[PDB]
Amino acid sequence: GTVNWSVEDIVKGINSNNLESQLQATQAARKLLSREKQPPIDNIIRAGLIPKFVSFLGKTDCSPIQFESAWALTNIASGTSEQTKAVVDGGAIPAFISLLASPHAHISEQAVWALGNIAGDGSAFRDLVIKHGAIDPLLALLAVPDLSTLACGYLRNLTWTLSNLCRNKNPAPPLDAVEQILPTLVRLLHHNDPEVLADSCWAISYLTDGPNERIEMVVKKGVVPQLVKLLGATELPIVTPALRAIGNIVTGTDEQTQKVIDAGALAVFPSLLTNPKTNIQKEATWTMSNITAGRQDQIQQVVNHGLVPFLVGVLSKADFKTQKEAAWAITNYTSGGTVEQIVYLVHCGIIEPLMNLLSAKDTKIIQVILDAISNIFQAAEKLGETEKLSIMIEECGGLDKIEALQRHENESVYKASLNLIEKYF
Amino acid sequence: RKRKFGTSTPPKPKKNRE
Numbered sequence: 072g073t074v075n076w077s078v079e080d081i082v083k084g085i086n087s088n089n090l091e092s093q094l095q096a097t098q099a100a101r102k103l104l105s106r107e108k109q110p111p112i113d114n115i116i117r118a119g120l121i122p123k124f125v126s127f128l129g130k131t132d133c134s135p136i137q138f139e140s141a142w143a144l145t146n147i148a149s150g151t152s153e154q155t156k157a158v159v160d161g162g163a164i165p166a167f168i169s170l171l172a173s174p175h176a177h178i179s180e181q182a183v184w185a186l187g188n189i190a191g192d193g194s195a196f197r198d199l200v201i202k203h204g205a206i207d208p209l210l211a212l213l214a215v216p217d218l219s220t221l222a223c224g225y226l227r228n229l230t231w232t233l234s235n236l237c238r239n240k241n242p243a244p245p246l247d248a249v250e251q252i253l254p255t256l257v258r259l260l261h262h263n264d265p266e267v268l269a270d271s272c273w274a275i276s277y278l279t280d281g282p283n284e285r286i287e288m289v290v291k292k293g294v295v296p297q298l299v300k301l302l303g304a305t306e307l308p309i310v311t312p313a314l315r316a317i318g319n320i321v322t323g324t325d326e327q328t329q330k331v332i333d334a335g336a337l338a339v340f341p342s343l344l345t346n347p348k349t350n351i352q353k354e355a356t357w358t359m360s361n362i363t364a365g366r367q368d369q370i371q372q373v374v375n376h377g378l379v380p381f382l383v384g385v386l387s388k389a390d391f392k393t394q395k396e397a398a399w400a401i402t403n404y405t406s407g408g409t410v411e412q413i414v415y416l417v418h419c420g421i422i423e424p425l426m427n428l429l430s431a432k433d434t435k436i437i438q439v440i441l442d443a444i445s446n447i448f449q450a451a452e453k454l455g456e457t458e459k460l461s462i463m464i465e466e467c468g469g470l471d472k473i474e475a476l477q478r479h480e481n482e483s484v485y486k487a488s489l490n491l492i493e494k495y496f
Numbered sequence: 277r278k279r280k281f282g297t298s299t300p301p302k303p304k305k306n307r308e
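Quick mapping for you: the protein sequence lines, in order, are chains A and B. Going left to right, the first sequence walks through residues 72 to 496 as the deposited numbering numbers them. Going left to right, the second sequence walks through residues 277 to 282, 297 to 308 as the deposited numbering numbers them.
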């Protein structure tokens, strides 16, 4: 009936003065725009149909055409930034916000979806959706005693749209909007649906990626223990955003990092640092690097949890990016650690993998490793053991690497390698 | 010395309803 229409037939039907013909044509457009391959979005836009769909959004007495037009506009706004912009330029934002209060759950769901696409375009349309007043009705849709009474798809769509309202960072979302959304986000973060949990964790990760004041807004809500719990989850779609959020949080002040530590996060890193998923290993090692850049008692907590051998393992064998994160962790550890902590690090076997990594073609990691070596040598000096560390570095073949670095492109590598060779060798 | 950042993939920014 409304399958495989031509855009010309759709235009004829919508340009008729017959609401039912308009509805059939709008459904035909929806079915065209919801097909598997190559939906004719640009042809629909060229025909000037967006303003008609937007007007149909306000037909309270014809809920079917409201739903059909909402779906069509949702699929148009899901495309390029120019197609989303075409939807916005037709006045769709306030119409969808008004539809958020529809008595029909499927229509309000479609409005939530469309606003999610518009906000997901980027920070400008996100902030414009916020300025039109979307947050209040969106959150009102979730103001129920128990989230389990809502349909799973409805709740997942609401969570995804809210996460898009927390997304992007040039500029970051308005502070007032973040504060208005956060409690509902915590609620959702305690839900039992894995997709809701994943998207809520992703929203928290968005909100924690930035200045330490944003991290503080998030941490003050008491979400860190739940984030650690989810970090322990069996589903990787949940562990990934939880780990991102935890890493973001430990990029902040020593007190925020301490909040992460007090919640028991380190006990999970034996698994994360050996996780078969490369991205998990990389981001866990990055998190560890930011924790080793903390205070000496926090480095000591890293030591007590037995995580130094796991850093040695990652440095010894892993994807090169994870090995770079591990080099960063080692340099931070040696820069901020006590003499006893650096001695412990050496006793765990860091020297050999550190040296084997000096044969890489990435200048940054070479600089990081040479700085770590300098710090360890300073500790040795304080202990009067410089010659023994020298012998160790020679035995594993690191002396030859440092000598080769003496003739390197970068000036810092040149200088540091020559300083090491002339002061300790 | 703290270094800020820069299915298991992040949620899609936009979603078509098939």
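In this text, a Cβ means the ideal position worked out from N, Cα and C, and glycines have one as well.
Annotation note: the segment 191-267 of chain A contains the following uninterrupted alpha helix (DSSP H) runs of length 4 or greater, listed N- to C-terminal: 194-202, 206-212, 223-236 and 246-260. Excluding its 5 nearest sequence neighbours in each direction, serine 406/A has C-beta neighbours in its own chain below 6 Å: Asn446, listed in chain order. In this structure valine 200/A does not touch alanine 214/A by the C-beta definition: roughly 19 Å separates them, more than the 8 Å allowed. For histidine 418/A, the enclosing alpha helix (DSSP H) starts and ends at 410-418. The Cβ atoms of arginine 101/A and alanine 143/A sit closer than 7 Å to each other. Straight-line spacing of the CA atoms in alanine 166/A and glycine 129/A works out to 7 Å. Inclusion of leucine 259/A and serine 271/A in the CB contact set at 7 Å is warranted, their separation being smaller than that value. Judged by DSSP in its simplified three-state form, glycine 293/A adopts coil rather than helix or strand.
According to the DSSP assignment, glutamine 352/A belongs to the alpha helix (DSSP H) that extends over 349-363. The beta carbons of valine 183/A and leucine 229/A sit about 6 Å from each other, so the pair counts as a contact at 8 Å.
Here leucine 382/A carries a helix assignment [DSSP, helix/strand/coil]. Remark: fewer than three beta-carbon pairs, one from each stretch, lie closer than 8 Å, so the segment 480-490 of chain A and the segment 296-305 of chain A are not flagged as touching. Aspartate 280/A counts as buried, since no fewer than 16 other beta carbons sit within 10 angstroms of its beta carbon.
The C-beta of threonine 363/A has 16 or more other C-beta atoms within 10 Å across all chains shown, which makes the residue buried. If you draw a straight line from the Cα of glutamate 139/A to the Cα of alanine 185/A, it is about 12 Å long. At a C-beta separation below 8 Å, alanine 176/A has no neighbours in chain B, since its nearest C-beta there lies roughly 15 Å away. By the C-beta density criterion, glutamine 109/A is exposed, having fewer than 16 other C-beta atoms within 10 angstroms. Assigned with DSSP and collapsed to three states, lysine 305/B falls in coil, not helix or strand. Within the model, the alpha-carbon separation for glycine 84/A versus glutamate 107/A is close to 24 Å. Ranked by how close their Cα comes to the Cα of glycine 408/A, the residues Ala338/A, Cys237/A and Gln371/A have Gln371/A in first place. Comparing alpha-carbon positions, the option among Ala148/A, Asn239/A and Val249/A lying closest to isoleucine 206/A turns out to be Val249/A.
Each of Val374/A, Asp368/A and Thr393/A was checked against the Cα of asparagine 346/A, and the nearest Cα belongs to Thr393/A. The Cβ of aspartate 80/A sits no closer than 7 Å to any Cβ of chain B. Around the Cβ of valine 385/A, a 10 Å sphere holds 16 or more other Cβ atoms; the residue is buried.
The Cβ of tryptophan 231/A sits closer than 7 Å to at least one Cβ of chain B.
Close CB contacts of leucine 170/A within its chain, under the 7 Å cut and outside five residues either way in sequence, are with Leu128, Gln137, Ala141, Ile178, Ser179 and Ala182 (chain order).
Using a 10 angstroms sphere on the CB of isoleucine 462/A, the tally of other CB atoms stays under 16, which defines it as exposed. Within the same chain, and ignoring the five residues on either side of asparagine 239/A in sequence, the residues whose Cβ sits closer than 8 Å to its Cβ are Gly193, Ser194, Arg197 and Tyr277. Neighbourhood of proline 242/A in chain B, by CB distance below 9 Å: empty, with the nearest CB roughly 16 Å away.
By the criterion of a C-beta distance shorter than 7 Å, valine 74/A is surrounded in its chain by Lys102, once the five residues flanking it on both sides are discounted.
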